[PDB]
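Bear in mind that the values in this text are calculations on the coordinates, not laboratory data. So basically every Cβ, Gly included, is an ideal-geometry build from the backbone, and we count neighbours across all protein chains shown.
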Amino acid sequence: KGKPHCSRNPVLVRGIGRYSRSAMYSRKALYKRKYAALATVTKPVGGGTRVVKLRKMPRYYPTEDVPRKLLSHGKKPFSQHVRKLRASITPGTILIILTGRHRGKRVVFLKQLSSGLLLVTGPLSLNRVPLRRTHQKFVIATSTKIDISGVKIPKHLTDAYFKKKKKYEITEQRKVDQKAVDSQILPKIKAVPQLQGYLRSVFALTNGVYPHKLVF
Amino acid sequence: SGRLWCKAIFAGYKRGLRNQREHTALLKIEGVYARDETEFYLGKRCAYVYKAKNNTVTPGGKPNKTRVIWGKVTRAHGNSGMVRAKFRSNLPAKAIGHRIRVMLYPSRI
Amino acid sequence: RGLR
Amino acid sequence: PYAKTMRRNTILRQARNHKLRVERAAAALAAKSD
Amino acid sequence: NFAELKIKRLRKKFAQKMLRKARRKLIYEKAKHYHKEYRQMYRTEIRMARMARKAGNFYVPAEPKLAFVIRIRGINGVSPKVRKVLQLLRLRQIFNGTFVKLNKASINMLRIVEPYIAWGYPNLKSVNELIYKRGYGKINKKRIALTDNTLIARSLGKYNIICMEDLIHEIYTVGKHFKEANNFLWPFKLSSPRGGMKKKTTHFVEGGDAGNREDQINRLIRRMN
Amino acid sequence: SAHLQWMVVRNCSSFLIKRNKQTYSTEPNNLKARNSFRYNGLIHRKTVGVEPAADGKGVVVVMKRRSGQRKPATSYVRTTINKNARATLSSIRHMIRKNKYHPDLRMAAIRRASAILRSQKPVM
Amino acid sequence: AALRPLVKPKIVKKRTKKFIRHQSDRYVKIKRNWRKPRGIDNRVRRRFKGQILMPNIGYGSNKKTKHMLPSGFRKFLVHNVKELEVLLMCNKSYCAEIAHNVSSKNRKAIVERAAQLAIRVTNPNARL
Amino acid sequence: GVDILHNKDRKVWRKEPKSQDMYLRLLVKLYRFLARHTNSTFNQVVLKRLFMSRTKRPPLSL
RNA sequence: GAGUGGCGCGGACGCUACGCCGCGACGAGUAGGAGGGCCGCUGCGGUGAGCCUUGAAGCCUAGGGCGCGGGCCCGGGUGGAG
RNA sequence: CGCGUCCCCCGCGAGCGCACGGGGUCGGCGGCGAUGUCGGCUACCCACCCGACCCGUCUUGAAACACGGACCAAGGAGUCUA
């Protein structure tokens, strides 16, 4: 028994401890922490009893096999990957969707979801886009923000909620959660003037427009 | 509604003088005329869009006649704002002096 | 021995 | 293995020096208010 | 009985572990000593130059012991005396590097392969960079990368050079077993100079990039390493 | 002896079948069916062989007896195993391990036996 | 479906075209079959820029992917059903190719035997 | 791009007996193992001599 | 290293040793020299319980492939005895 | 960072976990699908950019205003004996 105290020394730089191993001996106080020195489960049967084995041997062997691999270290599965946000992607930043069906549409960013996909909502009243996911590298984070400091996004909408089950029909849950969240964002966009019509408008490249000069 | 790609004139091949290397392509993106104006376009996706005789399936809807060779801006090339790109199969030489599309969507803004 |  | 020690000492020494330089600039800002 | 047998094997394994920890500690404390040796070496010449200038006299320092030699020209159209000296230095390829210690014998060998080499007096940093990044040993006449200290310790154990910091110390401060530590190091396969040369063919003094580049060799080491 | 009459039949045997950079041997007791000093069914004193049965169903495990080896009419003991897949292979593993009779041919004999049983099993 | 091989590595080839003989373009007497040119002035021989390439050992394919069919198997050439039980245990990496001059009535026995043994045939439905 | 003469890159001694004599070939098999797996120099000398031509392993008189 | 005193019946691949495997450096070439050819041609001794009138050799081919190459193997057609 | 002991001064604790650690993995996804489309590099025809003089031979030096070669098939030149 013993409650695990979180790492006694902080991290100065990645892989480097703040305190050396003389400091750390005193920090952990080891001067008063010194130490000295299944297979076949039986079954009753209606001329005696029998000994069965859960995990009993295979009935078929293939004519040729592949051997086991070598062992590597830094090869994590996707669930355990460290997730980045680009610094400009601030919850409330007005993105420009670039790739899919809703390309060129300006859309309010809500929050970074658990899998690194941006949960994003251009209000369905304005843009005709739902509570939809997007990717960071397929948007443009504009220098246009509104204060989303207070309002509570439902927690049950997550990366498992948005996954395609397998024509598609909009559930009543989706429509309630849409007008639930959007009822709290619409007064924030209708506060700052000319901003609802700006979201309703579509981004495009003109003649004499080069993106390397425009601040957006 | 409107356009979502900068216009790159395919200038010609990566080459010396008496020896051209067809694996790399030299792009001239319109507007950008320096090496300190072409940091934005490094890593972006490029498309040589053309149309040919037969029908070829389209990702998103109906089989059309239109076709693509997807590329990728790798480097800046020389002092006056040209760009090295590299395509999944080598570009055809009939395309020299023709339009290809610089996309935005390995986006860094 | 001097760990004990 | 002494590399870890040298790197840690270098980062700490640079941090302290920067703090002292920032404090000197703060003293200059005090003097320019005076 | 076997209780005894595995107990003995466990003891012999633990004995091998504590022998590793004892050697490892020696590597740490020798690196801490060499750090202290280098800083007092560095301070001394600034002290001696100051006390000289205070009196109003001059301090001519020690003429340097260590040279780094880079071959800049290739294999085609080369004299037989220039060939023999270049392969006595082990610069058998364009952009190969070796350390050679300066005496009377080696300088009169350098000045007769002069237009084919660009050499000078290296820095502690350059000696660190070359032996850590491009460090390969001549173990069983095979060019093997110095990834561990058990290569250097197993080869140069007799001369008390048991780690990379020992190797770098014996190279930099031209010691006793420079010969057996320099001949251990396989000649350094450097890249092409990034930024280009000035001019290959002519001397450093007359614009070019051949002959003796006294303290300026460290800049060429950065661009080729 | 084994190594002696290997050096005679390694390149110049009736059974040797070289083509397409591949070398097999069509020997009546070779299992894995390839030109080797191990799997050769004629060389050795001890030999294990797995065949399909005289009829459709079952396998036949062939054990070359120790005693008389210039005596080819009595040299081989044939037994048949028409059981389920697991109990067929278990009998072979108990014939090869628990007699200490070519323990290096144990796994190769179980793979061959399994292939014979999978062969005489109908297609959908 | 298909009888899939035990491993599918992607069979990378250094060259795909043939090594056509020098001046096989012009003459009908000159075959396409390769012959190293030994003429004292020959452009191809002394490797001029933009001439016909000569084969080297450098062009050699990977030892893992050598003689491997597009599918991933390796061929064995078979005349009768006595030459299939050879392939029985070499099943997942090797496949049978029934020879040119095997009669119809024998192909209908080899493929109906190889179907039982689960061995792939590269030309299964030839004559019928 | 390195100045080596390749004249003397190959070594011209025997790695195996030219003879297709099987009994000699089994002795060579037997002594390759002992040359490899002992710190005896005798087995290395005997193995090397088993390769040599009749004009190089002459008849010793009684 | 070795002695005498103080339940469960289990464990991949391998090793044509003329084979399989590991690490390092290298690779222009006429006359010329050597090696390796599972490159090819025609006949003899062995051998494949080889192939073949349910179609052998030969020949043609925008067919499918293999080999660094010499070359080769399948598909379709023609042909009629090896 | 134990004292029970060897100087001149003043020999086997126990676990669990994270990883800049002896060479890449996902416990991540998204489309399109039966005479109108998917794949097929090599191979038939064509176009475009770059490169690109016609072989053999004697010669210091051959694309040569040096000689042999219109085109195709079969034959055709280091052999045997001492």
Convex hull of region E:38-135 built on C-alpha atoms - directionally averaged projected area, nm²: 8.0
When the Cα centres of region G:62-109 and region A:54-74 are compared, how far apart do they sit, in Å? 27
Pairwise over distinct Cα atoms, reciprocal of the mean inverse distance: report the Kirkwood radius of chain B in Å, one decimal place. 14.8
Could you pull out every residue, at least 5 positions away or on a different chain, whose amide H is within less than 5 Å of the one on residue B:13? Hs are placed 1.01 Å off N in the peptide plane, and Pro or chain starts have none. B:26
Where trypsin sites (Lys or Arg not before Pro) fall in DSSP loop in region F:31-112, at most 15 other Cβ within 10 Å: F:38, F:45, F:46, F:57, F:65, F:66, F:70, F:83, F:97, F:98, F:100
Roughly what would the spin-label model give for residue F:18 and residue G:105, points 7 Å off Cα along C-beta, in nm? 3.5
Taking the alpha-carbon distance from residue A:56 and a cut-off under 27 Å, which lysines remain once sequence neighbours fewer than 8 residues away in the same chain are dropped? A:43, A:69, F:32, F:57, F:83, F:98, F:100, F:121, G:92
Region G:21-117: which chymotrypsin sites (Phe, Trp or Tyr not before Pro) are DSSP loop and have at most 16 other beta-carbon atoms within 10 angstrom? G:27, G:34, G:48, G:59
Most fluctuating residue of E:189, E:36, E:101 in a GNM of chain E with Cα springs under 10 Å: which is it? E:36
Sum up the charges of everything whose Cβ sits under 10 Å from the Cβ of residue F:3, counting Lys and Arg as +1 and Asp and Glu as -1, but leave residue F:3 out. +2
What residue among D:22, F:123, F:59 has its Cα farthest toward the positive end of the dipole of the protein assembly as shown, where the charges are +1 on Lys, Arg and -1 on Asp, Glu, each on the Cβ? F:59
Rounded to whole angstrom, the alpha-carbon centroid of region G:12-31 lies from that of chain H at a distance of 46
Label-point separation in nm, residue F:76 to residue E:147, each point 7 Å along Cα→Cβ: 5.1
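Under a Cβ-Cβ cut-off of 10 Å, what is the net charge of the residues other than residue H:56 that fall near it, where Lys and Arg count +1 and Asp and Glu count -1?
Details: positive: H:14, H:49, H:54, H:57; negative: none.
Within the 10 Å Cβ shell, the charges total +4.
Over all distinct Cα pairs, what is the inverse of the mean 1/r for chain E, reported as the Kirkwood hydrodynamic radius in Å? Don't skip to the answer; put the middle values down first.
Details: mean 1/r = 0.0497 Å⁻¹.
For chain E, the Kirkwood estimate is 20.1 Å.
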Sum of side-chain charges, residue E:135 neighbourhood, beta-carbon under 14 Å (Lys, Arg +1; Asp, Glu -1): 0
Between region B:45-71 and region E:100-168, the alpha-carbon center distance in angstrom: 59
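If the only charges are +1 at each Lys and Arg Cβ and -1 at each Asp and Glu Cβ, what is the size of the charge dipole of region A:30-75 around the Cα centre, to the nearest 20 debye?
Details: 12 positive and 2 negative charges, 87 e Å.
Dipole about the Cα centre, nearest 20: 420 debye.
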Farthest toward the dipole's positive end in the protein assembly as shown, which of E:88, F:36, B:74, given Cβ charges of +1 (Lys, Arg) and -1 (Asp, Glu) about the Cα centre? F:36
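Can you pull out the chymotrypsin sites (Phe, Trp or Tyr not before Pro) in region H:9-54 whose DSSP state is coil and whose Cβ has at most 14 other Cβ atoms within 10 Å?
On the way: sites: H:13, H:23, H:31, H:33, H:42, H:51; in loops: H:13.
Of the chymotrypsin sites (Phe, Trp or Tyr not before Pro), the ones in loops of region H:9-54 whose Cβ has at most 14 other Cβ atoms within 10 Å are H:13.
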How high is the FRET efficiency between residue A:151 and residue A:25 when r is their beta carbon distance and R₀ equals 56 Å, given to the nearest 0.05? 0.65
Cut-off 10 angstrom, C-alpha nodes, Gaussian network model of chain B. Which of B:48, B:13, B:33 fluctuates the most? B:33
Exposure proxy check on E:165, A:169, A:64: fewest-to-most Cβ neighbours within 10 Å is A:169, A:64, E:165
Size of the protein assembly as shown along its principal axes in angstrom, Cα-based, largest extent first? 120, 94, 92
In whole Hz, the Karplus estimates of ³J(HN,Hα) for region G:93-107 (6.51, -1.76, 1.60; θ = phi - 60°; x where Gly or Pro) are 10, 10, 9, 8, 10, 6, 5, 4, 9, 7, 6, 4, 4, 8, 5
Explain nothing, just compute: Karplus ³J(HN,Hα) = 6.51 cos²θ - 1.76 cosθ + 1.60, θ = phi - 60°, for every residue of region G:40-56 in order, whole Hz, x for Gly and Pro. 6, 10, 4, 4, 3, 4, 8, 6, 6, 4, x, 10, 4, 6, 9, x, 10
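When the helix-only estimate is applied to chain E (DSSP H runs of n ≥ 4, each -39,500 (n - 2.57), divided by the residue count), what is the mean residue ellipticity at 222 nm, nearest 500 deg cm²/dmol? Each step should come with its number before you reach the end.
On the way: 8 runs with 102 residues, N = 225.
Mean residue ellipticity at 222 nm (helix-derived): -14500 deg cm²/dmol.
With r defined as the distance between the Cβ atoms of residue F:1 and residue H:57 and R0 fixed at 25 Å, what FRET efficiency is calculated, to the nearest 0.05? Each step should come with its number before you reach the end.
Values: r = 26 Å, r/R0 = 1.03.
Here the calculated transfer efficiency is 0.45.
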Label points 7 Å out from Cα along the Cβ direction at residue D:32 and residue E:38: separation in nm? 4.0
For residue E:81, the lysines lying under 20 Å Cα to Cα, once residues fewer than eight places off in the same chain are dropped, come out as E:104
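Counting only DSSP beta bridges with both residues in the protein assembly as shown, what percent are antiparallel, rounded to the nearest 5?
On the way: 78 of 87 bridges.
If I count the DSSP bridges inside the protein assembly as shown, around 90 percent turn out antiparallel.
So if we plug the beta-carbon distance of residue E:199 and residue E:79 into 1/(1 + (r/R0)^6) with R0 = 35 Å, what FRET efficiency do we get, rounded to 0.05?
Using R0 = 35 Å, I get an efficiency of 0.95.
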20 Å Cα-Cα reach of residue A:175 towards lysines, excluding residues that sit fewer than 8 places from it in its own chain: A:111, A:152, A:155, A:163, A:164, A:165, A:166, A:167
Karplus-derived 3J(HN,Hα), 6.51/-1.76/1.60, for each residue of region E:75-80, Hz, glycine and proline x: 8, 8, x, 9, 5, x
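With contacts defined as alpha carbon pairs under 8 Å and 6 or more residues apart, what's the relative contact order of chain H in percent?
On the way: 24 pairs, mean separation 21.2, N = 62.
With pairs under 8 Å counted, the relative contact order is 34 percent.
Divide by every residue of chain F the summed helix terms, -39500 (n - 2.57) for each DSSP H run of at least 4, and state the resulting mean residue ellipticity at 222 nm, rounded to the nearest 500 deg cm²/dmol. Walk me through the numbers before you get to the answer.
Details: 2 runs with 26 residues, N = 124.
Calculated from helices alone, the mean residue ellipticity at 222 nm is -6500 deg cm²/dmol.
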Set A:32/E:13; A:84/A:213; G:8/G:75; E:101/E:133; E:32/E:101 screened for pairs whose C-alpha atoms are more than 24 Å apart: A:32/E:13; A:84/A:213; E:32/E:101
